[PDB]
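# Reading the structure
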Amino acid sequence: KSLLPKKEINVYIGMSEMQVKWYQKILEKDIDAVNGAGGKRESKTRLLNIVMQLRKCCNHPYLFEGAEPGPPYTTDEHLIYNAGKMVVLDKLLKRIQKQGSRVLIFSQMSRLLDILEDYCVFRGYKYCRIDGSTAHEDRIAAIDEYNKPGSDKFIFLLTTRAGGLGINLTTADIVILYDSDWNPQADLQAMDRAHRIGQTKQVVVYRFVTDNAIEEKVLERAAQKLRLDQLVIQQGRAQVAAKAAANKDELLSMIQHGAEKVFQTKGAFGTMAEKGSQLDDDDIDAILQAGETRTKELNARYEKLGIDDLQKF
Amino acid sequence: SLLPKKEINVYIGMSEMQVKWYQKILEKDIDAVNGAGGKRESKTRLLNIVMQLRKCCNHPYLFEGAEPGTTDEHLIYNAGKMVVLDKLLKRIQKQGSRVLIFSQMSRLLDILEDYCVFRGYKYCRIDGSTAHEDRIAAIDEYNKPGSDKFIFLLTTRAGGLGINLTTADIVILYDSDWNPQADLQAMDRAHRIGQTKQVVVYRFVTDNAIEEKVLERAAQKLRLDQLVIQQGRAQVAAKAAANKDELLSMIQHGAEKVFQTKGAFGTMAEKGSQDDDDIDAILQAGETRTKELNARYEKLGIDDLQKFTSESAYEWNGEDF
Amino acid sequence: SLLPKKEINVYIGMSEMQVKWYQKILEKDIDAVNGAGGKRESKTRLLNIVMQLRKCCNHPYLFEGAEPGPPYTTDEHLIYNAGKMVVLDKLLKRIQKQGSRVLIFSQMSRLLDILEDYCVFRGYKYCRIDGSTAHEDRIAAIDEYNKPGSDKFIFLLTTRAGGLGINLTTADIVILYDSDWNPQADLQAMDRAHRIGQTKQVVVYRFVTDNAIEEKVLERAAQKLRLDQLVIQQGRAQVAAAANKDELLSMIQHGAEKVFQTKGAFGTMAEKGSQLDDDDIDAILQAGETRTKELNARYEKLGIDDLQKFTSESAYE
Amino acid sequence: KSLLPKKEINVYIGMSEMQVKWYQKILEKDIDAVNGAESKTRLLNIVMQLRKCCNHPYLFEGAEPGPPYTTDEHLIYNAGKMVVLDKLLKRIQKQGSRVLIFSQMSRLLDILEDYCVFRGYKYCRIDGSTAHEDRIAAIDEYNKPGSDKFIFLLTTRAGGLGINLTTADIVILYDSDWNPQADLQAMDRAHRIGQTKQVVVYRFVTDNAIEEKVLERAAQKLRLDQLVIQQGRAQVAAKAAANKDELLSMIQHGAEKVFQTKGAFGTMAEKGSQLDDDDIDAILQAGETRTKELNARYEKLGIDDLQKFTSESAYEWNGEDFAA
Amino acid sequence: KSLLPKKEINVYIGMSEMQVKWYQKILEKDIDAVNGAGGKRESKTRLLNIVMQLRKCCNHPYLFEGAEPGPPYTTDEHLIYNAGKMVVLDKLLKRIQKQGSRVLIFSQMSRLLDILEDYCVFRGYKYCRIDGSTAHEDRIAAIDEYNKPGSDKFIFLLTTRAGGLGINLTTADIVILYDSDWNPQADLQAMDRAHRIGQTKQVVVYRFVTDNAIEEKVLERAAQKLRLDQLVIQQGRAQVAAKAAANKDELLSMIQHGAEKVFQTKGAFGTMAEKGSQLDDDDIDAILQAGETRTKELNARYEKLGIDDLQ
Amino acid sequence: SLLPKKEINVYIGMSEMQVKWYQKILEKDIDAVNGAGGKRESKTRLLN
Amino acid sequence: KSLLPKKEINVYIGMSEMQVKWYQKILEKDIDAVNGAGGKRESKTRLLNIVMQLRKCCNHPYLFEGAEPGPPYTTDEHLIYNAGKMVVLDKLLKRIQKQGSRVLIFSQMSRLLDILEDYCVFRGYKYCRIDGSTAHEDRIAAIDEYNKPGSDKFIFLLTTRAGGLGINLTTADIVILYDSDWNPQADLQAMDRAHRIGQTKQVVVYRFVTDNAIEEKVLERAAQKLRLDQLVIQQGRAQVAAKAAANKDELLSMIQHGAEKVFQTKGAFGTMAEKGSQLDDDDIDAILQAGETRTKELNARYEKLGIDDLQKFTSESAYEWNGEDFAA
């Protein structure tokens with residue numbers, strides 16, 4: 001049956017004033033690692049921590065303790081306009097529901113799904129959730145709850161880790177990757193819960209990217225890793241074909257090649273029929289001339305082929 | 001500087017004698033040739049037809065009873081390659097060049113031995129089923145400064161790895177191997193370190209017969225090998241972890257603007273957190289940047305994606321952040 | 001057919017003003033220059049000297065209070081106060097005269113700012129990608145310079161700015177004002193114009209301050225570039241260090257015909273017959289050591305291109 | 001102290017009439033796989049049987065003349081390597097040299113044990129089934145000054161780490177290991193720190209048989225291991241950052257000439273501030289010249305000539321303990 | 001949606017006279033390794049050869065050279081009655097087609113699929129084939145052809161290798177494993193080409209097993225590994241729960257436990273309410289006896305559970 | 001021979017003073033005891 | 001020959017007033033990860049940074065930038081009395097030199113050897129050094145020199161992971177592990193530069209451990225992994241013996257067991273000699289009684305051997321050199 005190609009769209013998002021303060025605070029508390037480096041041994045683990053904190057800031061400031069206005073922590077509109085992605089999500093979901101579409105929202109951080117839960121109740125969105133701490137049959141209980149015909153649920157909150165487990169959620173048609181995994185295949189594996197055989201509608205995948213921040217630069221490395229993985233796949237294909245011996249069909253096409261021309265020939269075959277004896281200096285000069293031309297012709301056909309054009313030969 | 005090697009295919013016809021044997025081979029198993037065999041069959045009978053046809057393209061005397069019931073001119077003129085070789089060798093000797101000749105079949109080198117005696121050529125020989133000490137002597141005698149020999153008879157996979165015959169400057173592949181590397185390593189006996197002259201390789205290929213089709217399958221296999229070698233860095237770089245240089249560029253990406261900003265960032269600051277039209281402008285501009293990102297990267301080869309070992313050698317900042 | 005690019009090091013001196021600043025930088029911390037102090041000192045002190053000498057080899061106006069006193073004008077002193085600017089001025093002039101366009105790369109954005117004032121001073125139409133430049137901006141900057149019949153002439157970039165795979169084949173000359181510490185960075189900047197779609201011969205000019213710090217910087221990068229090539233060229237070695245079918249088949253078939261031929265004993269045994277006087281042993285050891293030398297001297301001299309087994313060798317037929 | 005380099009000599013050996021019969025029988029009993037037709041498991045069996053035949057026919061059951069099995073000269077003249085070994089050992093003893101004999105197969109050392117008893121050769125043995133206290137009893141009994149022992153039989157993968165038998169100067173590899181690094185450990189039981197005499201290593205190779213082909217494939221992997229070593233050194237140096245001394249040499253370069261300079265420096269001094277086309281042609285001409293000369297100096301540095309810091313080589317012991 | 005569970009049935013099959021001759025010949029051509037032993041270094045590699053040949057004999061005698069009646073070859077009923085599995089396959093397919101069912105046929109050996117191709121043509125069965133190492137675009141072309149509405153095909157020949165590629169073949173309802181993979185998950189990966197989301201009918205899987213031969217013994221060893229995979233899966237789940245920290249919901253149950261009874265109490269709590277002072281050692285014996293009683297009871301609740309529960 | 005160990009849970013009550021403080025703790029944070037915060041609130045409040 | 005066993009002695013050291021300030025500064029600048037009294041979700045990557053900084057603090061504060069006194073910067077006595085290990089080392093070396101002993105000093109950090117270099121020159125201590133950035137040409141010019149008779153040298157500074165396999169410095173008798181590796185076998189190699197074949201004197205190894213700090217706890221965690229490696233080694237011994245088939249020596253004792261007693265017997269054997277005919281169940285009660293007695297006795301013999309008593313064929317300890325060479 002017809003499976004429409006998935007529309008994968010990056011939506012670039014800014015940061016709230018609160019996010020800017022925290023993003024600045026994160027960079028400040030390790031400016032020496034940012035400004036220069038330490039011993040190469042030290043810098044890597046020290047920079048890797050900055051990455052996660054900036055990753056958290058791009059997701060939501062409330063992931064940091066004491067950020068949300070002090071106790072009591074009430075769920076109001078502040079939960080949305082204090083995070084850049086929430087503002088985009090709030091209006092994106094409002095349009096998604098009106099067009100009769102159901103949405104899966106994946107995330108790297110379970111504490112962010114916790115934030116999304118308080119938002120869903122604040123807006124009245126019926127939802128399901130698989131964290132990864134979820135047990136085996138509580139997974140299946142949530143899948144069935146969402147896929148049942150005439151379901152009341154609308155959003156399915158998942159961690160990207162628990163997305164690629166062989167679960168099928170074709171009853172949703174829109175995928176929102178709130179943040180991206182470092183392995184592009186893991187994000188690609190999460191998309192294939194809605195865009196797989198069984199889907200009837202157009203799958204649209206929204207990849208939230210905090211523009212002009214660390215998430216925009218990460219997008220370029222994920223773009224590399226997705227391409228290098230594509231090349232390894234191609235090298236395996238060319239390697240299988242290169243290690244492959246001739247088939248029964250391959251041997252036959254070689255034998256029959258020109259066999260008809262031989263059966264017709266009565267006297268002499270080919271270059272011997274032209275001359276056939278006592279090669280003259282000009283006679284060999286013509287063969288070597290025509291041979292070198294045909295030699296260039298053979299090399300030209302295969303030198304222009306390359307990996308991405310493998311399944312021609 | 002080592003001059004790149006000239007590789008030239010010499011497409012050659014066949015004699016009247018070869019026509020009869022080529023037809024007899026096609027006839028004694030003609031039902032197999034037209035595709036009659038079942039799929040469960042072995043490859044042996046199909047390969048037997050191939051081996052006999054290649055023998056016919058080399059020299060008809062490879063078949064028992066083919067040669068008339070003496071070493072004379074008929075030895076040269078009853079094989080299309082032998083006619084081409086005879087004048088090609090006579091012209092090679094005059095210009096002072098020395099030649100290596102490779103073959104798949106040791107019994108064809110038996111024919112070339114009688115040829116080199118008929119024409120009075122000095123030669124040595126390594127069947128590859130000779131002996132280590134014997135082929136050491138055959139090598140050194142051919143490379144002896146002031147060598148008497150002119151031709152050197154070899155089978156393609158014979159000498160081993162790294163023997164040196166650079167005192168010869170021309171290589172003739174009487175017939176070709178199934179694996180392109182065996183012929184490629186046969187050329188590299190002459191085209192390797194120490195060669196002072198230009199190495200030229202002649203590949204006898206019987207035109208419009210089976211050997212013309214063997215050449216294209218071997219030409220494919222060489223190209224498939226080249227892509228598997230060339231994309232060898234893909235397995236490495238696809239699993240590599242980020243350098244200090246990589247992580248540093250990730251954290252500093254936009255750090256200048258964030259410090260400069262005293263309100264919010266782009267989407268939120270300008271708009272102020274409040275339209276269908278504003279969001280539809282984001283999805284529009286977002287999808288455009290996605291296409292341009294996909295097109296720019298999904299065309300790339302491994303020359304742009306490969307990470308040199310020297311990049312992790314982070315030494316200083318270009319702009320001291 | 002894509003022509004191999006021409007890479008040329010252009011060795012440049014320093015103006016009288018640079019020598020003054022170059023001396024001051026060396027003087028203000030002459031202890032570290034002469035290698036004084038403890039060996040426990042962190043790398044920060046020397047690296048700061050490297051930065052200042054690198055800026056000084058680029059342009060003295062990168063130091064505050066260098067440009068002639070207030071008020072500040074943009075004139076010919078912007079050219080003749082830096083040796084690289086003097087060579088670049090006639091080089092750019094000759095580039096436009098021959099109908100060529102040029103990409104100019106740099107490590108420092110504050111230098112591209114200086115080059116901006118130069119391009120406006122000489123009336124050059126130009127584009128700029130900074131690395132501090134938004135995505136949609138540099139897309140338009142790429143397209144502007146790549147438009148057919150483009151007004152622009154010079155493209156100012158930082159060696160890292162654009163990212164992978166951007167195309168600037170509408171230029172055929174590349175000028176590296178200053179070099180990068182890792183050679184792949186500069187090599188990627190040349191391949192902005194030296195890639196598929198480039199019709200004309202790509203020429204790359206690399207400005208190098210002769211007899212100063214940048215000449216010594218360059219040798220190190222050239223070394224690290226040579227190291228990388230040896231690694232990459234030898235990347236096939238570990239996967240080669242199992243056994244093919246043919247490799248196992250050749251081990252069994254080796255000499256098997258001669259075995260079937262033999263009815264009595266094999267070589268050493270047939271000729272001498274399980275009894276060996278001193279002379280026969282002496283030949284065995286002399287023949288072996290001779291074969292041992294020729295075997296070792298043949299393989300210990302080889303390279304990866306001879307040991308590497310093609311994947312098509314597994315296609316046994 | 002001065003440690004004389006080891007002399008490694010391949011001793012190419014033929015096969016007795018009995019070996020030829022079995023070698024033919026092995027090839028014939030599976031001539032289908034020998035011909036070319038897919039599982040290497042069928043070939044790996046043929047290889048192992050041929051190695052046994054190159055070593056000794058009595059490793060095959062029913063080969064030795066039927067019961068009773070008597071130890072006589074037939075234990076020697078029915079194996080090509082035994083004939084060479086018996087006269088080699090005889091000369092080794094006459095020149096006052098003692099020999100360690102290694103083998104891949106413990107059942108072959110069993111054959112050598114019966115040989116040593118038949119010839120009156122005092123011996124010791126470490127089989128990798130030998131207790132520590134029994135190993136140390138054999139080591140000392142062989143090394144004690146004025147020792148009576150002459151031959152020491154060991155398995156190549158006995159796995160003794162740091163065993164010292166420097167009181168012997170000759171090592172005989174009856175058959176060869178598939179990993180050349182394992183044999184190099186067996187050599188470095190006599191050729192190690194403590195050795196005073198010239199170490200000579202004899203590697204028995206059955207000429208014109210499977211053992212000769214194995215010998216060539218071992219040299220290929222032996223060279224490939226060297227190439228990996230060199231790629232590793234070139235890799236470490238390529239990722240290495242500059243030292244305080246390396247940064248210092250960069251800073252100090254030309255610093256004296258700058259302090260020496262009163263006016264302008266170099267190009268700006270040679271023709272100041274205004275350059276005609278003749279000036280640019282001279283800079284570009286010398287610049288392209290110095291670029292070619294600079295590249296030529298670095299284009300000549302291959303993997304085989306790299307600055308070694310640690311001095312490992314594929315042709316010396318890994319320090320790796322090969323207990324299989 | 002409703003996905004009916006798959007019927008997995010082992011079809012135990014005998015051997016033809018020709019198979020017995022070769023099965024004897026294989027066992028005889030190396031009987032000393034079979035009945036006894038060689039060296040532990042020799043025997044294991046030597047036995048692995050015997051296993052591979054015995055499975056070829058259980059599959060089809062024509063896989064051996066010179067076995068098929070003297071060439072020239074022909075496709076007759078001899079191609080069928082000379083292999084036990086083919087005879088059973090011949091009558092099963094005759095019933096399979098009449099009940100309006102289509103079958104995927106897996107095998108470890110492509111040279112056996114080569115035999116099945118000649119069989120399918122000999123009976124007039126429309127088929128497709130995906131061979132281990134078939135080009136990707138050609139590999140896609142058969143999936144689409146077999147699944148297209150109103151398809152002409154009836155049999156789909158596959159290698160167990162080319163099964164687990166993420167291909168979907170739900171338009172068939174019968175799967176025949178001509179022979180079994182040593183890795184039980186590989187055969188289980190082959191069944192899910194038809195028994196997956198999209199299937200509407202009852203999936204039946206026939207696993208051909210040569211009874212009283214090596215293939216029957218493999219069946220026992222393969223079932224053991226199938227259970228060991230379940231045990232590792234269960235150990236992983238039990239490991240995660242042991243590594244898991246308490247929920248906010250778990251902590252809430254800990255705080256609330258007995259909180260209402262504490263608010264209810266006006267004086268002191270259970271043991272201190274019953275007595276409260278330093279009273280008799282009869283009181284301590286009453287607590288310790290009930291304490292040892294509740295401990296035996298408490299341990300009993302959790303010593304009941306097992307790796308198969310986790311609930 | 002090592003004798004297996006007798007493991008006994010000995011179940012105990014609280015004094016009148018403890019009941020007071022056990023109530024005072026549950027009272028001074030009665031909202032969290034009833035479960036008031038959203039899923040985003042950290043465990044710190046309940047853990048205390 | 002007799003190779004005297006190594007004396008491995010942990011010498012516990014305190015911290016200077018300056019070290020305490022930095023140790024406090026390290027803990028305070030990331031106290032939320034240290035406390036674990038709230039969320040306890042904080043990542044390990046944040047702790048690995050705290051661990052690495054506290055290890056530098058235990059070595060020397062001058063590894064932190066801005067610690068050492070501002071201009072004028074001078075190498076004086078403050079290089080010693082600001083680090084607890086330097087104070088102990090300074091007096092340790094003073095006693096070591098007078099008794100005619102030479103010392104190898106190892107370290108995990110090459111930048112610490114830099115501090116030791118300034119220290120060695122400040123006191124007039126002749127030294128050599130191997131970093132792994134010092135070439136083989138320079139290696140043999142110093143190690144093979146250091147051993148030469150009448151050497152002027154007294155101290156040899158090396159990094160624990162210099163990599164030198166088979167480098168032997170038996171002309172030194174004292175090994176100082178200024179700081180410890182997290183793989184004990186890496187420290188074992190550093191010891192086995194002096195405590196190996198060729199040594200004539202008693203090798204003493206001093207392992208500096210900052211008491212009541214992170215270095216004391218690491219030492220206790222190092223003993224666990226060091227102990228667990230012995231168990232892995234011992235389990236391997238039991239595995240090989242369990243997988244071992246019987247040799248002809250094992251088979252011969254089985255055939256010979258009681259064969260003489262059988263050759264001597266001319267009537268019935270054992271139990272059949274007692275009765276032979278099927279007699280009282282008192283006889284079966286006596287056999288089952290005697291059989292159950294011998295069964296418990298057999299179980300007791302093998303239930304009392306257990307691991308750590310497994311027979312030694314190869315002399316590998318977790319407490320001796322791996323044989324592997326370590327490079328950082």
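## Here's the deal with the overall build of chain A
- Secondary structure summary: chain A contains 14 helices and six strands in total.
- Taken over the C-alpha trace, chain A has a radius of gyration of 31 Å; the compact-globule value for 313 residues is 20 Å, which it surpasses by more than 25%.
- Charge-centre separation for chain A: the mean point of 45 positive side chains lies 4 Å from the mean point of 44 negative side chains.

## Describing the overall build of chain G
- Helix and strand content of chain G: 14 helices and six strands.
- Relative to the 2.2 N^0.38 estimate, which gives 20 Å for 328 residues, the radius of gyration of chain G is 30 Å and therefore markedly larger than a compact globule would have.
- Its C-alpha atoms put chain G at 110 × 60 × 30 Å along the principal axes.
- Look at the contacts in chain G between residues 6 or more apart in sequence, and 78% of them connect residues 24 or more apart.

## Some thoughts on the nonpolar core
- Ranked by size, the top nonpolar core spans 136 residues in total, and within it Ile176 of chain A together with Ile175 of chain C carry the most contacts.
- Here this core takes seven residues from helix 5 (residues 83-97) of chain C, the largest share from any one element.
- Ignoring any residue separated from it by four or fewer positions in sequence, one finds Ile176 of chain A in contact with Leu89, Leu92, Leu93, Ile96, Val103, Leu104, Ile105, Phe106, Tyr206 and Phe208 of chain A.

## Let's talk about the sheet that holds strand 3 (residues 127-130) of chain A
Residue and element names in this part refer to chain A.
- Across the sheet, which stays open at both edges, the six strands sit in the order 1-6-5-2-4-3 with parallel pairing between neighbours. Each end of this open sheet is capped by a strand with a single partner; those strands are strand 1 (7-13) and strand 3. Direction aside, neighbouring strands of the sheet carry axes that sit 20 degrees apart on average.
- Bridging between strand 2 (residues 103-107) and strand 5 (residues 174-177) involves four bridges; their strand directions are parallel. Opposite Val103, over in strand 5, you have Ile174 as the bridge partner.
- Running at roughly 160 degrees to strand 6 (residues 204-210), helix 5 (residues 84-98) makes contact with strand 1, strand 2, strand 4 (155-159), strand 5 and strand 6 of the sheet.

## Points about a negative patch on the surface
- Judged by side-chain charge, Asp280, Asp281, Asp282 and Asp285 of chain E come together as a negatively charged surface patch.
- For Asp281 of chain E, the position within the fold is in helix 13 (residues 281-304).

## Looking at the side chain of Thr209 of chain C
Residue and element names in this part refer to chain C.
- Along the polypeptide, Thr209 turns up in strand 6 (residues 203-209).
- At 2.7 Å, the side chain of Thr209 and the side chain of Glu214 are in polar contact.
- Once you skip the residues sitting within four places of it in the chain, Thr209 turns out to touch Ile12, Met14, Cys57, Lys84, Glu214 and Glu215.

## Here's the deal with the interface of chain A and chain B
- Taken together, the 110 residues of chain A in the interface contact 113 residues of chain B.
- The tally of links between chain A and chain B comes to nine salt bridges.
- In this structure, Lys91 of chain A engages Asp276 of chain B in a salt bridge whose closest nitrogen and oxygen atoms are separated by 3.3 Å.
- For the pair chain A and chain B, the interface holds 39 residue pairs in polar contact.

## A few points about the sheet that holds strand 4 (residues 155-159) of chain E
Residue and element names in this part refer to chain E.
- The sheet built from six strands is open, its strands ordered 1-6-5-2-4-3 with parallel pairing. Two strands close off the open sheet at either side, each with one partner strand: strand 1 (7-13) and strand 3 (127-130). For this sheet, the mean angle separating the axes of adjacent strands, direction not counted, is 20 degrees.
- Sheet topology places strand 5 (residues 174-177) next to strand 6 (residues 204-210); four bridges connect them, and they run parallel. Bridge pairing in strand 6 links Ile174 to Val204.
- Against the sheet, helix 9 (residues 214-243) engages strand 1 and strand 6, with an angle of about 125 degrees to strand 6.

## A word on the interface of chain A and chain F
- Of the residues lining the interface, 14 residues belong to chain A; the matching set on chain F comes to six residues.
- Counting the surface lost from both chain A and chain F, the interface buries some 770 Å², and carbon and sulfur atoms represent 43% of this.
- One can count two salt bridges joining chain A with chain F.
- A salt bridge links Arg40 of chain F to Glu68 of chain A, with the nearest nitrogen and oxygen atoms 2.6 Å apart.
- For the pair chain A and chain F, the interface holds five residue pairs in polar contact.
- The set of elements that each furnish at least two residues to the side of chain A that touches chain F consists of helix 4 (78-81) and helix 6 (110-123) of chain A.

## Notes on the packing of aromatic side chains
Residues and elements named next belong to chain A.
- Per the counting criterion, the structure on display carries 33 aromatic pairs over all chains.
- Ring-pair connections join several aromatic residues into one group, and the members of that group are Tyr119, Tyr125 and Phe154.
- Between the NZ or CZ atom of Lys21 and the centre of the ring of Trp22, over which it lies, the distance is 5.5 Å.
- A cation sits over an aromatic face here: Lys25 above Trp22, 4.0 Å from the ring centre.

## Here's the deal with the pattern of salt bridges
- Taken as a whole and judged by the stated rule, the model has 152 salt bridges over all chains.
- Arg135 of chain B is paired through a salt bridge with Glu216 of chain D; the nearest N and O atoms lie 3.5 Å apart. Separated into two different chains, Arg135 of chain B in helix 7 (residues 132-143) and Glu216 of chain D in helix 9 (residues 210-239) make up a pair that spans both.
- The exposure class assigned to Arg135 of chain B is buried, which follows from its relative accessible area of 11%.
- Salt-bridge contacts for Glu294 of chain C lead to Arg298 of chain C; the nearest nitrogen and oxygen are separated by 2.8 Å. With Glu294 of chain C and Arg298 of chain C both in helix 14 (residues 278-299) and four residues apart, this pair spans about one turn of that helix.
- Residue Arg298 of chain C is classed as buried on the basis of its relative accessible area, which comes to 7%.

## A word on a nonpolar patch on the surface
- A surface patch of nonpolar side chains, amounting to about 420 Å² of accessible area, comprises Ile284 and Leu288 of chain E together with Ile8, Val10 and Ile12 of chain F.
- Relative to the helices and strands, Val10 of chain F is located in the segment before helix 1 (16-28).
- By relative accessible area, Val10 of chain F is classed as partly exposed at 40%.

## Some remarks on the environment of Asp32 of chain D
Residues and elements named next belong to chain D.
- With respect to the secondary-structure elements, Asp32 resides in helix 2 (residues 31-35).
- With relative accessibility at 48%, the residue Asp32 sits in the partly exposed group.
- Spatially, the C-alpha atoms of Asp32 and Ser2 are 55 Å apart, while their sequence positions differ by 30 residues.
- Excluding residues that lie within four positions of it along the chain, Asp32 makes contacts with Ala37 and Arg42.

## Considering the pairing of strand 6 of chain C
- Across the seven residues that make up strand 6 of chain C, a large majority, seven, are buried.
- What you see with strand 6 of chain C is no split at all: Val203, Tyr205, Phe207 and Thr209 of chain C on one side and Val204, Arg206 and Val208 of chain C on the other are buried throughout.

Criteria and thresholds
- Residues numbered from 1 in each chain as written, not as in the entry; some residues may be left out.
- Chains lettered and ligands numbered in written order.
- Part of a larger assembly, values for the part shown.
- Heavy atoms only, no water.
- Residues with missing side-chain atoms left out of burial classes, pairs and counts.
- Helix = DSSP H or I, 4+ residues; strand = E, 2+ residues; numbered from the N terminus.
- Rg over C-alpha atoms; globule rule 2.2 N^0.38 Å.
- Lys, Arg positive; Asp, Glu negative; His and termini not counted.
- Charge placed at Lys NZ, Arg CZ, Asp CG, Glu CD.
- Contact = heavy atoms within 4.5 Å.
- Core = buried A, V, L, I, M, F, W, Y, C linked by side-chain atoms within 4.5 Å.
- Buried < 20%, exposed > 50% of the residue type's maximum accessible area, 1.4 Å probe, protein only.
- Pairing = 2+ DSSP bridges.
- Axes fitted to C-alpha atoms, helices over the stretch in contact; angles between N-to-C directions.
- Patch = residues over 30% accessible without salt bridge, like charges linked within 9 Å, V, L, I, M, F, W, Y side chains within 5 Å.
- Areas by Shrake-Rupley, 256 points an atom, 1.4 Å probe, with all protein chains shown as cover.
- Salt bridge = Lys/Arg side-chain N within 4 Å of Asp/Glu carboxyl O.
- Polar contact = N/O pair within 3.5 Å; in protein donor to acceptor, adjacent residues only side chain to side chain.
- Buried area = accessible area lost by both parts, 1.4 Å probe.
- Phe/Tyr/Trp six-rings, centres within 6.5 Å; stacked < 30°, edge-to-face > 60°.
- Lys NZ or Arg CZ within 6 Å of the ring centre and 35° of its normal.

Take it as geometry only, folks, not as evidence of what the structure does.
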